[PDB]
Structures are given as C-alpha cells and as structure tokens.
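Here is the structure we will look at.
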Amino acid sequence: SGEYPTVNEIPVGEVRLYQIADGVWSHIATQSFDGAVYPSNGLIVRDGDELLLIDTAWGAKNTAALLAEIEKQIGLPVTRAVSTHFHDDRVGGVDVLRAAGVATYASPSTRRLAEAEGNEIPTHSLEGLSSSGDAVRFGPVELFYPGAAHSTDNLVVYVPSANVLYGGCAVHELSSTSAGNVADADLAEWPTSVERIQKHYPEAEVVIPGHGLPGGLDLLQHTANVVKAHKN
Ligand SMILES: Cc1nc([C@@H](C)c2cccc3c(-c4ccc(CS(C)(=O)=O)c(F)c4)c(C(=O)O)[nH]c23)no1
Ligand SMILES: [Zn+2]
Ligand SMILES: [Zn+2]
C-alpha cells in the first residue's frame with residue numbers, strides 16, 4: 001500500500017509496479033534460483049503513447065504477468081525492450097516479449113554471452129556501447145556502458161527528464177551486505193566502473209538497483225564499499 005514492495009511481499013509469478021517519477025515506473029518480481037527466492041527490478045519509461053521496457057521480470061511466466069500488469073495500470077503498449085546484461089533476470093522472458101510484438105535489444109556483448117549461456121537472446125544489437133564511458137540515446141533514455149562490474153556487459157540507464165539512474169545489477173541496494181551473485185563479475189574493476197557512473201550522472205535524484213530498494217546517489221558509494229569488502 002505505497003511502500004516499495006519487498007521480496008517477502010511478492011509471490012513468485014506476480015508482478016508489481018512502482019511509480020518512480022512522471023512517466024517512470026519500476027517493475028518488481030520474484031524468482032527462485034538454487035533453492036532461494038530473490039526479488040528483482042526493471043524499469044518502464046513512457047515514450048509518447050508507447051512504453052520502453054528495461055529488463056524482463058526474470059522468467060517467461062513473470063514477464064507475461066508484467067505485460068498484464070502494465071495493461072492494467074498504465075494501458076499503453078510496450079513497443080521496445082532493452083536488456084542490460086545477459087543473465088536470466090534481464091533476458092528471461094525475451095521470447096514472451098518477442099511474441100507480444102515487442103522489439104528486443106541488447107549490446108552485441110550481451111547477445112553473445114546470452115547465446116553461449118543458453119539464455120534467451122534479444123533480437124537487435126545496440127552498437128556504440130563497446131568502450132567504457134560510451135553512451136547512446138534510445139527513445140527517452142540514455143544507455144551507458146560503465147565498464148565491467150557485476151558482469152562484463154552491464155549497462156546502466158538514465159532517464160534525463162526525471163534524473164532517474166537505473167543501475168541494474170552493477171548497483172546494489174543500501175541494505176546489501178555482499179556483492180550479490182558474483183559468478184560473472186570483475187570485483188577489481190567494479191569500483192572503477194562505479195566511479196565512472198558517479199562522474200557521468202552527478203545530478204541523479206533516484207538510483208534504482210537491479211535488486212532491492214531504490215534510494216539516492218549513496219547507493220553508488222555503498223556498492224563500491226561492499227564490492228571492495230567482498231573482494232577482501
Ligand atoms: C549464474 C548467474 N545467475 C544470476 C542471476 C539470475 C541471479 C540469481 C540469483 C541471485 C542473484 C543476485 C543477487 C544475490 C543476492 C543479493 C543480495 S546481496 C546484494 O546482499 O548479496 C542480490 F541483491 C542479488 C544477482 C545479482 O547480484 O545481480 N543475480 C542473481 N547471476 O549469475
Ligand atoms: Zn546478473
Ligand atoms: Zn542481477
């Protein structure tokens with residue numbers, strides 16, 4: 001009833017939306033992985049009379065539920081989606097999107113890693129993002145490649161109209177006590193990549209992590225701190 005929805009408040013298979021700013025929502029879903037349940041976030045950005053989706057809801061059935069929740073709460077069609085890295089919490093559900101008329105996009109690096117891992121593969125490649133510090137416009141957002149962090153391919157997303165920074169899984173929530181799932185991470189490079197985010201988006205007002213509660217710019221320094229300590 002108004003607070004940001006937490007892992008224990010969302011059964012696996014349901015999706016909730018949360019209004020972040022005018023024309024900007026996050027989507028929250030839950031999934032089981034290796035015998036534990038986790039929440040995960042994505043983004044929805046109004047694009048005139050259409051919507052841009054950032055990340056799936058972590059699975060085919062959750063992503064179908066996401067589309068139904070968007071129709072109920074917003075009522076505008078999702079026409080494009082971007083996946084910010086290759087893991088299943090970002091691309092799982094791309095096939096559902098593609099069958100619902102959504103054009104799916106990711107960097108070439110994400111597409112090659114998703115294919116090699118056996119995950120669902122976005123249709124279209126996003127060029128111009130292969131060197132750290134690169135940025136491109138995509139509808140109402142800017143896509144930014146900060147360098148290797150949670151994964152080598154991770155992208156962050158900025159909504160300039162609202163100064164919303166969606167960090168994806170390169171950014172952790174303030175309550176986090178470790179660096180999450182580090183299977184594909186570069187712990188040594190991650191603080192440098194976070195510093196690039198901090199330098200490029202100093203006017204961010206809301207920062208959304210890939211899992212957990214949004215906050216302010218402090219999430220970036222907190223992420224650097226937990227990553228350095230995990231590595232140690
Ligand atoms: C292989 C491979 N599969 C995956 C994905 C699908 C995956 C599965 C299960 C869990 C996660 C997490 C995760 C874990 C713990 C915390 C709490 S915390 C910051 O306090 O430790 C958290 F916030 C997030 C992440 C992420 O860190 O992005 N990804 C995950 N990744 O690699
Ligand atoms: Zn991941
Ligand atoms: Zn993640």
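Summary of values
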quantity	calculated
Residue that is farthest from ligand 3 (Cβ to nearest atom) [pool: residues in region 145-157 that are more than 17 Å from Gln221 (Cβ to Cβ) and buried (at least 21 other Cβ atoms within 10 Å of the Cβ)]	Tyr145
Region 221-231 - residue that is crowded, with 20+ Cβ neighbours inside 10 Å and touching a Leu at 6+ places or on another chain (Cβ under 8 Å) and, of those, farthest from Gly23 (Cα to Cα)	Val227
Test result for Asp218, of a type in the set (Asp, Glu) and either within 11 Å of ligand 1 (Cβ to nearest atom) or surrounded by 17 or more Cβ atoms within 10 Å (Cβ to Cβ) (or both)	no
Residue match in region 188-205 (condition: under 18 Å from the mean Cα position of the chain (by Cα), away from ligand 3 (no atom under 13 Å from the Cβ) and of a type in the set (D, E, K, R))	yes
Pair list, Cβ < 9 Å and 6+ apart or interchain, from region 1-16 residues that are more than 13 Å from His27 (Cα to Cα) and in contact (Cβ under 8 Å) with a residue 24 or more places away in the chain to residues that are polar (S, T, N, Q) and surrounded by fewer than 16 Cβ atoms within 10 Å (Cβ to Cβ)	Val12/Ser32
Hey, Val171 within 14 Å of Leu43 (Cβ to Cβ), in contact (Cβ under 8 Å) with a residue 60 or more places away in the chain and β-branched (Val, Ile, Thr) or not	no
Number of positions in region 198-232 that are of a type in the set (A, V, I, L, M, F, W, C), over 18 Å from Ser161 (Cα atoms) and out of contact with any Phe, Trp or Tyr (no Cβ under 6 Å at 6 or more places or on another chain)	5
Those residues of region 128-141 which are over 19 Å from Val102 (Cα atoms) and not aliphatic (A, V, I, L, M), in sequence order	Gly128, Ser130, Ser131, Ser132, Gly133, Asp134
Cross-chain or 6+ apart pairs with Cβ under 6 Å, region 208-223 first and in a helix (DSSP H, G or I), then within 16 Å of ligand 2 (Cβ to nearest atom) and hydroxyl-bearing (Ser, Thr, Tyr)	none
Residue identified as more than 21 Å from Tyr145 (Cβ to Cβ) and in a helix (DSSP H, G or I) among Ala65, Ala57	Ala65
First in region 178-192 and part of a loop (DSSP other than H, G, I, E, B), second anywhere and of a type in the set (A, V, I, L, M, F, W, C) and away from ligand 3 (no atom under 11 Å from the Cβ), Cβ under 6 Å, 6 or more apart	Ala179/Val226; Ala179/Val227; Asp186/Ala148; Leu187/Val227; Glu189/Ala148
Residue match in region 57-65 (condition: crowded, with 24+ Cβ neighbours inside 10 Å and away from ligand 1 (no atom under 16 Å from the Cβ))	no
Every residue from region 165-192 that is buried (at least 24 other Cβ atoms within 10 Å of the Cβ) and at negative phi	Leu165, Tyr166, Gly167, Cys169, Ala170, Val171, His172, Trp190
Pick from region 193-207, criterion part of a helix (DSSP H, G or I) and away from ligand 1 (no atom under 16 Å from the Cβ), ranking: surrounded by the fewest Cβ atoms within 10 Å (Cβ to Cβ)	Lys199
Condition broken by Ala135, with the remaining ones in (1) surrounded by fewer than 24 Cβ atoms within 10 Å (Cβ to Cβ); (2) within 17 Å of the chain's Cα centre (by Cα); (3) of a type in the set (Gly, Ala, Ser); (4) over 20 Å from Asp47 (Cα atoms) satisfied	(4)
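Heads up, the Cβs are rebuilt from the backbone with ideal geometry, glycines too, and the neighbour counts pull from every protein chain shown. No value in this document is a laboratory result; all are computed from the given coordinates.
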